[PDB]
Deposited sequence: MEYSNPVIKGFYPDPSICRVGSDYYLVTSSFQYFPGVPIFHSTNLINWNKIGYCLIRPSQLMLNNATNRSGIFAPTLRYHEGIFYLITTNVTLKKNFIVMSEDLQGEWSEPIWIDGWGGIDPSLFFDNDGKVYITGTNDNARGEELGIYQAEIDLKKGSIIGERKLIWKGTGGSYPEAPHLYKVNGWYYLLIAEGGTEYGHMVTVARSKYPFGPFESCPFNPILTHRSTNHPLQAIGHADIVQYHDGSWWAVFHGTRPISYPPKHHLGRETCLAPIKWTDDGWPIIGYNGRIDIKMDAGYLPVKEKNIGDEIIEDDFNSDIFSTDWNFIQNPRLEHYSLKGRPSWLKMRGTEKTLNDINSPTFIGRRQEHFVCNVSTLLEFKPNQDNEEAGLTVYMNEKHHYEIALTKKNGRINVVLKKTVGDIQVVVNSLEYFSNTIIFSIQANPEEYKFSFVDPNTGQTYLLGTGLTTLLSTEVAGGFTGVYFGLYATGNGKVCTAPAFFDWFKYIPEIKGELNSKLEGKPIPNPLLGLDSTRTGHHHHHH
């Protein structure tokens, strides 16, 4: 039997996995998006269902001034004696913290702040003797030596027990990071990422008889990389190991699907899966001797997408994210039952701090995304529409606005410093359907006059100008509904009747 990589498509980086009985739970990084840290469930490691998010309250997730270069970085999920622990970094605060839960269907605790523990990629390991270890990277604010650091931790107080020690510098790649400590057959293994989360990404491993080392580098490191290859999956690493309940071993990790030349990616880093075998001399090998594929053999794993939101519910679906903490008064599912009402502010898609926007990830190269908007702008600055958004300097949008006292539908783009109105047509109806067809190379922007059903191709836009390589940061493209008054509060409300996401 076979599965396909990625196993979780779209913007789902830095996967960390946790087994409880015969069920599996998995978390990814979310940066400036709210709610933060999606969490998934699976019984077979291949098929994942999103259960929700871990960070859903402003007290858990302070995103003021966060951008797609900051906010929430890699999270690690662990379980001990009925309690789940989620440990991560808010890079905008430069703070590491834990939240806890005894029930993933409920909400998580308030943060337990780890005072004095810097760096990124914090991880926890519950040792068989009852000791608990925190492992992480060098602290850039203290200007520490590059490498992996560790201490015993008291999980109640959020405080270190004894001393913080350097345990490994890695093999010599850049940015030794993503550390996870495991104990298997009488050896401690330290699994890390090196080379940076771009084309030099690799996974390396070390071992010792003791939790703090000294650690010996695996003689065939790196144990997983696509560096110096032209494989369709690139930038592979940030692995976390799990033992399936049939006894076999697996890793989850992220990778990209770049297109064009030089390679460029716009769906973010996506969660992948590969098997592990243990050598006779006691080292793990991932995949086909350090390389993986799009199509994989499933071993003994038991093998087994149209999304339509009409906004009838008064709870938002788990697809939707906001840019930083939502200003809650500017969204309503109750003010006009069966529509989403949005109040645009002075802030635009060019601004980082709390623009009126709700969005969901592009999870497929080929897809058609649409919405129906009612909007009658009162002034020329006023605008509402549908956006393809990477970050504040990289986004395309089709929208209704007003220019010299006439209503127009527009295609607008922000690419770096370029802000351009690509096309403009006069429009005469109170509602409009926007419709975007995505393929690997371009987005086609159309609008429909709803009562006639007539469709009009307004323009197109390249995917590669929204790619992470061009745009910066650590994220993937979102499809978003938004409103703005372009420097003033938008006096007209925007109402969205529904949103459809139809992958090929």
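Residues of the deposited sequence lacking C-alpha coordinates fall in the stretches 305 to 310, 511 to 543, numbered from 1.
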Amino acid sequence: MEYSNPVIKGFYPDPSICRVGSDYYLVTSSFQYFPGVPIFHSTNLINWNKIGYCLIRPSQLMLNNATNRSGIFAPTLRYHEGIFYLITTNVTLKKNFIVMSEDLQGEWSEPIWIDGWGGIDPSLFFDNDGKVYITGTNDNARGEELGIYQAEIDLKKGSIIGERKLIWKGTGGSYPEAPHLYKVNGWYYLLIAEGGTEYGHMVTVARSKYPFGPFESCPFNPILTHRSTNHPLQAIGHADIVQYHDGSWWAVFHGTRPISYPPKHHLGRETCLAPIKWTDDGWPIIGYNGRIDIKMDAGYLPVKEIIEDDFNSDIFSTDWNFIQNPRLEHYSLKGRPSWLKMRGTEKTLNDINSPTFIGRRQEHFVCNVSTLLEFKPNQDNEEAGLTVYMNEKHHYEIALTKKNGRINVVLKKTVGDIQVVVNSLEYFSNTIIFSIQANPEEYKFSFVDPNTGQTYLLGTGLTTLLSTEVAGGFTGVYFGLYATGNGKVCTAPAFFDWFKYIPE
From here on, numbers count along this sequence of modelled residues.
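Mean C-alpha B-factor is higher over 158 to 166 than over the other stretch, the pair under comparison being 352 to 360 and 158 to 166.
Note on 77 to 85 vs 278 to 286: mean CA B-factor is higher in 278 to 286.
The maximum CA B-factor among the listed residues 239, 390, 132, 400, taken from the PDB record, is found at 132. Per the deposited record, 142 carries the highest C-alpha B-factor of all listed residues (266, 231, 142, 201).
Residue-level temperature factors show residue 485 in the middle third of its chain, judged at the C-alpha atom. The entry lists a Cα temperature factor for residue 412 that places it in the middle third of the chain's modelled residues. Per the PDB record, residue ranking by Cα B-factor puts residue 50 in the highest third of the chain.
The PDB entry assigns residue 59 a C-alpha temperature factor belonging to the highest third of its chain's modelled residues. Compared with the other modelled residues of the chain, the Cα B-factor recorded for residue 97 ranks in the lowest third.
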